[PDB]
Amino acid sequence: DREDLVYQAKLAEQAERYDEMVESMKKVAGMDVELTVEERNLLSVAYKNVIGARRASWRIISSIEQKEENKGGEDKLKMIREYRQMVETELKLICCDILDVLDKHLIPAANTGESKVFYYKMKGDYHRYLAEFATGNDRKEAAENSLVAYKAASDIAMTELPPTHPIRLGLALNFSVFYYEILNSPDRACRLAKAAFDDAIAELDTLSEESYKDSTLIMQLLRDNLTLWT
């Protein structure tokens, strides 16, 4: 059954039917056992494709909305805003879905440093995606929940993973984006990203055969952000 679900998740991924990949991997998560690296990754890809489709839609519609505000077409504005809201409803439902799977199933069953950091960082990512479109109280609560999860992931990562580890780097990259895009803090975003990058450069001997390409790519992204932000 667990192997069958993995197989079905992999078929859905090949067919680019990410909804189905999510349903298959959600059933694996629901077994209340430690996921393998492969399963963790399948689950995370599934949801990142599902949410990423709506985030890309959201950003297109919001830009359209911004163009129309500049020309004051209010009939158009009406429909664009109603359409945005609908996509926001979907983003909320999807984030709420994985955040429940994380809280119910994933985080309670996680018993390795690596998996705990991966799931807390995921929790940080999904609150952060809530925060991207949230205003008012919702934005504050999403930002606080994201911050808490990313600090929790950081606490474990600092003690349990080498600074070159791809999940630790991935956490640094996304938490720096969080400080930049949600907390509006370019200075803290830059420090976190720069620290993560310097700490890995200091310990390049910790680079693993399994993930040196993954580490190198994240370190290049940390650098691309720092470029973008300074």
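Note that residue numbering begins at 1 and tracks the sequence as displayed. Rigid core here is just the name for the largest C-alpha set that superposes within 1.5 Å across the two forms.
J.: Quick one: core-superposed, which stretch strays further from the shown model in 6 other deposited structures of this protein, 158 to 166 or 62 to 70? Go by RMS C-alpha distance.
T.: Looking at 62 to 70 versus 158 to 166 in 6 other deposited structures of this protein, the farther one turns out to be 62 to 70.
J.: Determine, for 51 to 59 and 31 to 39, which one has C-alphas that on average lie farther from this form in 6 other deposited structures of this protein; superpose on the rigid core first.
T.: Once the core is superposed, the stretch further away in 6 other deposited structures of this protein is 31 to 39.
J.: On average, are the C-alpha B-factors higher in 27 to 35 or in 56 to 64?
T.: If you average the C-alpha B-factors of 27 to 35 and of 56 to 64, the larger mean comes out for 27 to 35.
J.: Tell me which stretch, 77 to 85 or 121 to 129, has the higher mean Cα B-factor listed in the entry.
T.: On average, C-alpha B-factors are higher across 77 to 85.
J.: Can you pull the Cα B-factors for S176, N49, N184, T164 from the entry and say which is highest?
T.: Reading the PDB entry, the winner on C-alpha B-factor is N184.
J.: Among the choices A109, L91, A153, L99, identify the one whose CA B-factor in the record is greatest.
T.: Answer for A109, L91, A153, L99: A109, with the highest C-alpha B-factor.
J.: Relative to the other modelled residues of the same chain, rank the CA B-factor of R188 and answer lowest, middle or highest third.
T.: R188: CA B-factor falls in the highest third of its chain.
J.: Determine, from the deposited record, the chain-internal third of the Cα B-factor for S215: lowest, middle or highest.
T.: Answer is middle: the recorded C-alpha B-factor places it there.
J.: Could you look up the Cα B-factor of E13 in the entry and say which third of the chain it sits in: lowest, middle or highest?
T.: Answer is lowest: the recorded C-alpha B-factor places it there.
J.: Sorting by Cα B-factor within the chain, modelled residues only, which third would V45 end up in: lowest, middle or highest?
T.: Lowest third of the chain for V45's C-alpha B-factor.
J.: What third of its chain, lowest, middle or highest, does the C-alpha temperature factor of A172 fall into?
T.: As the PDB entry reports it, the C-alpha B-factor of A172 lands in the lowest third of its chain.
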